[PDB]
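Student: return a 3D structure for these sequence lines:
(one chain, ligands or ions: 4)
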Amino acid sequence: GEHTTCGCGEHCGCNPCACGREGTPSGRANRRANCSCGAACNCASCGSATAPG
Ligand SMILES: [Zn+2]
Ligand SMILES: [Zn+2]
Ligand SMILES: [Zn+2]
Ligand SMILES: [Zn+2]
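Tutor: Numbers count the residues shown, from 1 in each chain. Ligands and ions are numbered 1, 2, ... in the order given. This is the structure:
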């Protein structure tokens, strides 16, 4: 059915899957350059956008 997806309900690098897709990573903020997400993302692995980690 589904795939490993960010809990916000969207493929993101923070959820590796057999397809490893994360969507177009908007390089417009301090994210892993693999976080395409935007909308309602309570995933801790995506909130992380502070300090070099
Ligand atoms: Zn996938
Ligand atoms: Zn994300
Ligand atoms: Zn997300
Ligand atoms: Zn996430």
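Student: just give the nearest non-adjacent residue to residue 27, would you?
Tutor: Nearest non-adjacent residue to residue 27, counting by CB to CB, 6 or more residues apart in numbering: residue 33, 5.7 Å away. All C-beta atoms are positioned from the backbone trio N, CA, C, and that covers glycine.
Student: got the residues of the chain near ligand 3?
Tutor: 6, 8, 12, 37, 41, 43, 46 (CB under 5 Å from the ion).
Student: can you count the residues close to the fifth one?
Tutor: This points to residue 41. Counted with other CB atoms under 10 Å, residues neighbouring residue 41 total 18.
Student: adjust the sequence numbering to begin at 36 for everything that follows.
Tutor: From this message on, residue numbering opens at 36, which makes the last subject residue 76.
Student: how much space between the nearest residue to it once chain neighbours are set aside and residue 87?
Tutor: Closest residue in space to residue 76, ignoring its immediate chain neighbours: residue 43 at 4.4 Å, by CB to CB, 6+ apart. According to CB to CB, to the nearest Å, residue 43 and residue 87 sit 24 Å apart.
Student: the more surrounded of these two?
Tutor: Taking neighbours as other CB under 10 Å, residue 43 and residue 87 compare with residue 43 leading, 16 against 4.
Student: and that one, how far from ligand 1?
Tutor: 14 Å (CB to the ion, to the nearest Å).
Student: shouldn't that residue be in contact with residue 79?
Tutor: No - here residue 43 lies out of contact with residue 79, judged by CB atoms under 8 Å, at a distance of 11.5 Å.
Student: start to end distance for stretch 40-59?
Tutor: Terminal residues of stretch 40-59 are spaced 14 Å apart (CA to CA, to the nearest Å).
Student: residues making contact with it?
Tutor: Outside of stretch 40-59, the residues within contact range by CB atoms under 8 Å, 6 or more residues apart in numbering are 38-39, 60, 67, 69-72, 74-78, 80-81.
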